[PDB]
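>>> experimental structure and its sequence below.
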Amino acid sequence: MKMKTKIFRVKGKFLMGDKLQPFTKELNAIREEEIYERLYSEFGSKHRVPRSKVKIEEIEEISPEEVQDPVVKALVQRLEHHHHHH
């Protein structure tokens, strides 16, 4: 069943150069089984980081308008209501 997408503010570590770098990823999904696969996909895409080297530590569900990432916040708004301002 599809719904209004939940923005999960993930806070974890990714292994690059045998070093753990911390990240704060605000991404819109439906459930946790999405979050894992979507991050393994993104880090591999944008950053070319291997899946087994991406370590998720925290997953915090936040509100659509509170999201700091402009791209994700714009993505969530695509399924929202066009504010009728005459």
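Yep, it's here. Numbers count the residues shown, from 1 in each chain.

>>> quick check: longest helix of the chain.
Longest helix of the chain, by residue count under DSSP state H: helix 32-42.

>>> name the residues of the helix or strand following it that are buried.
Later in the chain than helix 32-42, the nearest helix or strand by DSSP states H and E is strand 54-62. By 16 or more other C-beta atoms under 10 Å, the buried positions in strand 54-62 come out as 54, 56, 59. C-beta: built from backbone N, CA, C; applies to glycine.

>>> separation between residue 11 and residue 56?
Distance of residue 11 to residue 56, given as C-beta to C-beta, to the nearest Å: 9 Å.

>>> nope, residue 30 is what I was after
Remark: distance between residue 30 and residue 56 (C-beta to C-beta) = 17 Å.

>>> element containing the most centrally placed residue in the chain?
For the chain, the residue nearest the mean C-alpha position is residue 27 (1.9 Å; C-alpha atoms, centre = their mean). Per DSSP H and E, residue 27 falls inside strand 19-29.

>>> what angle do that strand and strand 54-62 make?
Per axes from the mean of the first three to the mean of the last three C-alpha atoms, to 10 degrees, the angle that strand 19-29 makes with strand 54-62 is 40 degrees.

>>> what is strand 19-29 packed up against?
strand 6-16, helix 32-42, helix 70-77 (3 or more C-beta pairs under 8 Å, 6 or more residues apart in numbering; DSSP states H and E).
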